[PDB]
């Protein structure tokens, strides 16, 4: 990165734009009794942007501390098998690398992502996007995260709880039926909420 501030500002604004997309652009992909996942075509690659929403029985600052790159995230997130900080820019901005266990016959991926955590209304946004990175490790497929992130705000009807909204936009690469991508993305999102709720 040549200009970290400009990059972070563009990423944050992209996520705020996603959070403004109207409901007729979304199609339901998976619905459980306390998480919903929607999908729409991505403007960033040949695949899809996913949105997840669900309530968390905690307040915003501790939730985002659990989600942002750090030891807590690696501990409770069952799909994540490693987490490294590659470069720090500020207290709230870094480049990190994380790896995922395989699922649905898709082999382990690694992602090298810019990460940025910032205030948003009465809550917080933790957003990310993949970056170019030289360390090529044959043990992992380098997947690519297009703009993604987590909004966490007080639940409008009960602010002792929080509303957690996620956007994920991952290119897993390789030959994978979109059905298996769909299942992986929706299962990853619902297990994310499940694991986070149990961590708190």
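Positions refer to the first chain, counted from 1.
message = Highest mean C-alpha temperature factor of the two stretches 158-166 and 26-34, which is it?
response = 26-34 has the higher mean C-alpha B-factor.
ask   = 61-69 versus 141-149: which one carries the higher mean Cα B factor per the record?
value = Averaging CA B-factors over each stretch, the winner is 61-69.
key: Options 113, 122, 110, 77 - largest CA temperature factor per the record   = Checking the PDB record, the top C-alpha B-factor among 113, 122, 110, 77 is at 122.
ask   = In terms of the chain's CA B-factor thirds, is residue 14 lowest, middle or highest?
value = It belongs to the lowest third of the chain when residues are ordered by C-alpha B-factor.
Among modelled residues of the same chain, the CA temperature factor third for residue 51 = It falls in the bottom third of the chain.
key: For residue 105, the third of its chain into which the C-alpha B factor falls   = It falls in the top third of the chain.
task = Would you mind ranking residue 88 by its C-alpha B-factor against the rest of the chain and naming the third, lowest, middle or highest?
result = It falls in the middle third of the chain.
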